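> Below you'll find the structure I mean.
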Amino acid sequence: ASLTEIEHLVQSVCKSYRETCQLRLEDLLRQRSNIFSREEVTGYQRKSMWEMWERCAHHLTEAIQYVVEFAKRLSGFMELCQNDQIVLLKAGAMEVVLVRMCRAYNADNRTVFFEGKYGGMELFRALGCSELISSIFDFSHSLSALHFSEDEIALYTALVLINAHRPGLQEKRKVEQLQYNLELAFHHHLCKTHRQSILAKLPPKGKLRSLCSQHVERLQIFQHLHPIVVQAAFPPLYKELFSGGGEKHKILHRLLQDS
Ligand SMILES: O=S(=O)(c1cccc(C(F)(F)F)c1)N1CCc2ccc(OCc3c(Cl)cncc3Cl)cc21
């Protein structure tokens, strides 16, 4: 488009992200001294596997409801066909949740905010996927060395969400031009803010696909151990995005109709 239209894309996205944060930043920094206790950490460790899963899936789902709203406010996004809004969310909504987690992450004690207090990766030992849990801390630890601004996180998460080369898009170019316009707003704000140099420190694209692909691969395993915990206790939007078969009940386009 134009440089003046590019100037309010930054504004539009920075507003849509600030108005769609469950996690309010200043509330998280004012709680990193509220660190979990060995007696509470062991309490989480001694919880059954499926209960730490059911509790985290429910917490992931709550974090995706705010992403689907972020997407719903991304000007240009709801001008797209339902099949393309859902496919952008179905693949990029966990990726947005993972990049937003860098704010709930404290790199000094390598702790993450969880259920009202800050805990380490040892907190999630009962889940049985220690290798994947570690890579999410190592990933949030990597973005914490980028020292993101909330405006930077806004424009980076839209580009995580608005991906023109997702498999399954009906109309590809309508996203390419929404991606390319979003891509200028990010480079222009980084230019203005004297931050063009972080474009090379950003994680390689295939780093988020690998983290989401591990989560799907580790839900597969837990589904086999606890099948009826997924059908009975797991949230439907979780099963729709991640497990198969789970899109039998399409909660996604329910949220993309009401407004
Ligand atoms: O519960 S969070 O407040 C949470 C907060 C910090 C760290 C974690 C975890 F887990 F990364 F250390 C979890 N929340 C909000 C953001 C988020 C992302 C994924 C998630 O769960 C996915 C999952 C995994 Cl990665 C492994 N096994 C079962 C599941 Cl369902 C939960 C979640």
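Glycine also receives a Cβ, built like all others from the backbone with ideal geometry; neighbour counts cover every protein chain displayed. Every number in this text was worked out from the coordinates using simple rules, so none of it is lab data.
> Once you charge only the Cβ atoms, +1 for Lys and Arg and -1 for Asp and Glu, what is the size of the charge dipole of the stretch 1-142 about its Cα centre, to the nearest 20 debye?
340 debye
> Sticking with this structure for a sec: Determine, for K250, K174, the number of other Cβ atoms within 10 Å of each Cβ, and report the residues in order from fewest to most.
Result, fewest neighbours first: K250, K174.
> Taking the Cα centre of the stretch 12-58 as origin, sum charge times position over the Cβ atoms of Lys and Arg (+1) and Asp and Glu (-1), and report the length of that vector in debye to the nearest 20.
For the stretch 12-58, the charge dipole is close to 140 debye.
> Can you tell me the relative contact order of the chain? Whole percent, Cα pairs under 8 Å, sequence separation 6 or more.
With pairs under 8 Å counted, the relative contact order is 26 percent.
> Whole angstrom only: what separates the Cα centroid of the stretch 135-212 from the Cα centroid of the stretch 56-96?
Comparing the Cα centres of the stretch 135-212 and the stretch 56-96, I get a distance of 15 Å.
> Need one word for the stretch 1-128: rounded, prolate or oblate. Basis is the Cα gyration tensor (sqrt eigenvalues a ≥ b ≥ c); a/c below 1.5 gives rounded, then a/b vs b/c decides.
Oblate is the answer for the stretch 1-128, as a/c is 1.5 or above yet b/c matches or exceeds a/b.
> Given the Cα-Cα distance of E5 and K201 and 0.36 nm per residue of separation, how much length would full extension add, in nm?
Value of the extension gain: 67.8 nm.
> Now a separate question. In the Gaussian network model of the chain, springs joining C-alpha atoms below 10 Å, which of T20, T42, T193 carries the largest mean-square fluctuation?
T193
> Please work out the Kirkwood hydrodynamic radius for the chain, using every pair of different C-alpha atoms, and report it in angstroms with one decimal place.
19.2 Å is the Kirkwood radius here.
> Sticking with this structure for a sec: Would you mind working out the magnitude of the charge dipole of the chain relative to its Cα centre, with +1 at each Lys and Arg C-beta and -1 at each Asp and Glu C-beta, to the nearest 20 Debye?
With only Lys, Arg, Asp and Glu charged at Cβ, the dipole is about 260 debye.
> Per 0.36 nm of contour for each residue apart, how much would the distance between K192 and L23 grow if the chain were fully extended, relative to their Cα-Cα spacing?
Difference between extended and current length: 58.2 nm.
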